[PDB]
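In what follows, a single structure is set out as structure tokens and then discussed.
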Amino acid sequence: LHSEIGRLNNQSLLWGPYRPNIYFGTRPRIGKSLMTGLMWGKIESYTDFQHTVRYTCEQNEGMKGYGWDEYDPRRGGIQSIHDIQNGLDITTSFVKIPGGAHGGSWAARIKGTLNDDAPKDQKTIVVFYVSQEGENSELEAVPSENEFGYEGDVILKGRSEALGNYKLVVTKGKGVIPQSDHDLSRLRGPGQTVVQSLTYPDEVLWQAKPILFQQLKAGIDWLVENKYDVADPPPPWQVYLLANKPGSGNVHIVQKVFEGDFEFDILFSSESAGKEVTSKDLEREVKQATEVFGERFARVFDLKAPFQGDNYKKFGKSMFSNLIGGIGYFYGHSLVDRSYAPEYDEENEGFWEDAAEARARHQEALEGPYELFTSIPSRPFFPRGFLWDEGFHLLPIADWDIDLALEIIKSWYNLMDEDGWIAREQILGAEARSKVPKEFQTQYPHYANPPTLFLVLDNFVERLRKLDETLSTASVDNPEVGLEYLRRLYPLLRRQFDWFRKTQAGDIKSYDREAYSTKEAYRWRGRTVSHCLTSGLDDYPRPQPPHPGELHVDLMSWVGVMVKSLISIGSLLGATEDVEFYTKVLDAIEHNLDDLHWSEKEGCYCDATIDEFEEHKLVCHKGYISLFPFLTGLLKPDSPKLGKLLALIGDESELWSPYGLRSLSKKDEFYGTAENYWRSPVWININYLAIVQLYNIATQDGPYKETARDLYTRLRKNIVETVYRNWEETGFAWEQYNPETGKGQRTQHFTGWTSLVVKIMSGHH
Ligand SMILES: OC[C@@H]1[C@@H](O)[C@H](O)[C@@H](O)CN1CCc1ccc(CCNc2cc(Cl)cc(-c3ncon3)c2)cc1
């Protein structure tokens with residue numbers, strides 16, 4: 001039955017618009033298969049279309065905004081795109097229709113409406129690009145009746161082992177098709193839909209833009225060769241209309257030119273299902289998905305006072321839909337330095353220079369292929385998996401669809417190597433690499449990242465203890481299903497725990513360090529003079545200089561998170577021997593957090609280092625790091641330490657801004673210095689952990705219940721309202737928020753853990 005649910009989840013989730021790196025395209029969760037993508041741009045001249053055409057996601061002055069209005073990966077959704085440069089408001093509706101043996105069928109409607117600014121007779125070129133990878137598969141465009149191109153729909157027939165037989169139709173669509181009266185029309189037609197069918201080696205089919213341009217350039221070369229010149233040139237849009245040549249190939253370019261508003265459909269029909277998908281079917285299933293989305297949202301994300309109003313509901317739906325709509329399927333090789341150079345142990349003073357030297361050996365090489373099914377932080381700026389971000393992404397997604405979240409967890413843990421390492425940034429294949437400078441592609445097996453995916457796991461466990469609808473909760477509704485999933489994952493969780501303790505160990509015994517346990521101590525590998533990227537808090541101030549005797553209180557707290565999860569899950573699995581070990585490790589971390597990291601003078605936790613005189617020294621920088629044992633849920637509700645931490649949290653002169661908790665204290669000497677990434681701004685992920693922990697204290701008997709209740713109420717409101725006001729005013733989720741002005745800054749489209757606001761509004765943790 002676990003096996004049954006697994007197959008039903010696979011069939012359910014196989015198709016989607018799982019290419020979040022582009023405005024609109026589709027692919028199945030299969031490495032080498034059929035992929036589609038949309039391009040469009042206005043053409044007003046002989047040289048502008050190369051500058052207007054849209055394909056990969058960006059965000060700049062020429063794009064007002066874009067994102068998912070509603071989305072559910074089992075069903076589909078609606079995206080809206082507001083393009084200033086191209087004078088167009090675009091809607092892309094995508095819907096799935098279950099049936100057959102190959103993961104079902106799907107449809108999309110592409111609709112473009114000129115805005116008030118655009119010339120009414122604007123010419124817009126639209127391309128639907130279709131590629132298929134694999135050795136034993138076929139795809140063919142059925143030729144036109146007409147001489148020069150298509151009057152009606154374009155039908156592609158194809159076949160593969162993974163998809164069986166299928167057909168993909170691009171419908172005639174609606175809108176004016178310009179007509180040229182030029183001489184050229186005698187040879188290229190007056191203006192009509194055209195199809196070019198081509199082949200390239202499979203590994204370059206993702207390069208849709210260059211492939212299209214090479215075809216456009218050959219058309220223009222033909223014009224030049226055939227005496228079409230500047231004394232009497234065809235119109236631009238006709239110069240850029242490809243010569244029709246359908247056929248067999250692994251690339252099919254379908255092009256239309258429209259004057260004024262337009263729409264057309266894409267109908268994918270899996271032969272192994274019922275009759276073929278129609279436009280009427282598209283429209284009916286779009287209506288139905290929206291109805292279902294609405295009902296699930298109101299149930300799963302019932303927003304509490306004072307956020308029950310329709311404005312906050314719209315906001316919550318946008319924030320949530322952009323998060324879950326960012327899910328992608330990635331496939332390909334990764335760049336990894338597998339030298340395990342000894343410089344990477346970082347055992348000496350000045351280790352950063354030796355690690356640099358080792359990196360300058362450039363021993364990294366491609367490996368894989370790997371696949372990953374994950375939500376992402378940023379469509380325009382970094383559309384790929386990031387390890388600790390995903391833990392936050394899945395917190396709302398798990399509310400919506402626990403089976404979906406488990407599927408993504410499983411995907412990530414399937415990357416883990418024999419040692420217990422998962423690379424913190426997952427850049428899979430040439431297409432993903434195209435968004436990343438080569439200097440930042442290489443992954444390092446000694447680089448960790450926070451194990452936030454355990455938080456999602458903790459939520460799953462608590463729900464386990466206490467057809468699309470069915471599937472979405474199948475792993476909690478059937479406890480034997482959920483337990484088996486845990487049974488299979490548990491070893492990898494355990495491997496990861498051991499990997500942390502083996503590779504991220506700090507040094508107690510080699511110095512004059514007294515502590516309850518001689519084992520429990522941790523130091524993030526990979527730090528440079530000004531950064532600790534592996535911690536996730538890139539430039540939060542750390543001991544200077546970096547030092548092999550450093551100890552990091554956030555890392556120890558994360559190990560605490562892991563061991564508590566392992567206790568819960570071990571207990572579930574009857575892993576008695578494992579659990580007693582975990583228990584002693586927890587006890588030891590609890591004491592060592594105090595003995596190595598607590599500052600009585602400063603009234604908070606601090607990272608530690610080793611002096612010029614070889615002595616343990618605390619290095620206090622009041623900010624997120626200082627609160628870590630509290631944030632990660634390690635402290636008793638009566639802890640006097642917790643009480644002081646609550647005082648720091650609520651202190652306007654330190655962390656408390658009207659807009660959320662500042663990452664660093666205004667009193668800290670590094671407040672707002674250098675790049676000021678984690679040295680003042682308000683970050684939603686850490687504010688979220690604070691909110692959840694304050695609520696926990698607020699809803700139990702204890703000495704700090706009322707303090708926590710007040711702080712909870714206000715921080716919740718502060719954080720929600722800052723994200724909401726910014727979204728209202730800009731249309732975007734931002735990476736972080738300015739604590740003096742409240743304004744969103746750094747990158748836009750960060751959905752991304754900023755989307756946690758939907759769960760903060762939902763409340764009742
Ligand atoms: O979310 C993942 C991680 C966190 O896990 C970590 O905790 C958190 O601290 C960091 N954060 C983001 C990491 C990240 C930061 C920046 C970049 C882009 C680098 N250069 C660039 C590239 C492009 Cl394509 C556009 C632009 C751009 N920006 C404004 O205008 N143009 C800039 C990539 C990844």
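Sequence positions, counted from 1, serve as the residue numbers for this chain. In each ligand, atom 1 is the first atom listed, and ligand 1 is the first ligand listed.
- Among the atoms of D389, some N or O lies under 3.5 angstrom from an N or O of ligand 1.
- Contacts with ligand 1 closer than 4.0 Å are made by side-chain heavy atoms of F382 only, the backbone lying farther away.
- There is a side-chain donor-acceptor pair under 3.5 Å between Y413 and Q496.
- Side-chain contact check for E390 and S375: at least one donor-acceptor pair (N or O, by modelled atom type) lies under 3.5 Å.
- Side chain to side chain, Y677 and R679 fail the donor-acceptor criterion of an N or O pair below 3.5 Å.
- Using a 4.0 angstrom heavy-atom cutoff, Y677 counts as in contact with ligand 1.
- Neither the backbone nor the side chain of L537 comes within contact range of ligand 1; no heavy atom lies under 4.0 Å.
- Remark: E407 engages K410 in a salt bridge, criterion side-chain N to carboxylate O under 4.0 Å.
- Between the side chains of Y329 and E371, at least one donor N or O sits under 3.5 Å from an acceptor N or O.
- Heavy-atom proximity to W388, at under 4.0 Å, picks out these atoms of ligand 1: 4 (C), 5 (O), 6 (C), 7 (O).
- When only non-hydrogen protein atoms are considered, atom 26 (C) of ligand 1 lies nearest to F381 CD2, 3.7 Å.
- Side-chain polar atoms of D89 and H82 form a donor-acceptor pair below 3.5 angstrom.
- At a heavy-atom distance under 4.0 Å, only side-chain atoms of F750, from C-beta outward, approach ligand 1.
- For atom 34 (C) of ligand 1, the nearest protein heavy atom lies closer than 4.0 Å.
- Backbone and side-chain nitrogen or oxygen atoms of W678 are examined, and one is located within less than 3.5 angstrom of a nitrogen or oxygen of ligand 1.
- Summary of contacts: the protein heavy atom closest to atom 8 (C) of ligand 1 is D538 OD1, 3.8 Å.
- For atom 20 (N) of ligand 1, the nearest protein heavy atom is 4.0 Å or more away.
- A salt bridge between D337 and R359 is absent, with no side-chain N of the basic residue lying under 4.0 Å from a carboxylate O of the acidic one.
- Taking only nitrogen or oxygen atoms, main chain and side chain alike, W753 does not reach within less than 3.5 Å of ligand 1.
- Donor-acceptor pairing under 3.5 Å is recorded for the side chains of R501 and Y522.
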